[PDB]
């Protein structure tokens, strides 16, 4: 067995290829996945896994230099919006319209679908560099 790194085999393969500026998306149960973008669905039932838990695991296994979310999150989902600010304190958090957000996901290397059933619980993590 693999001693270190993220436990999920699908995610490990994606993290392995990340280069500077590559993007991955963490999504709620409703976000549409653009054609041609790999979809890794971890959901089991509503609320499992949760957006926060998934985002937390990724934060410690991936070097993030920038986080992108939809402005709508601050109003429609304040609890998860704070979680992000708190989790990625040192990182730059950029907000956009949910529409612009969806356009950006077309460039993602993958969309990770969680079991999150709350509005606008989605974010794009932009890979940083280790040196």
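Numbering follows the first chain given and starts at 1.
Selected stretch [higher average CA B-factor]: 11-19 or 118-126: Per the PDB record, 118-126.
Of 98-106 and 27-35, the one with larger mean CA B-factor: The recorded data point to 98-106.
Options 62, 81, 55, 44 - largest CA temperature factor per the record: Top of the list by C-alpha B-factor: 81.
CA B-factor placement of residue 50, once the chain's modelled residues are sorted into thirds: Tercile = middle for this residue's CA B-factor.
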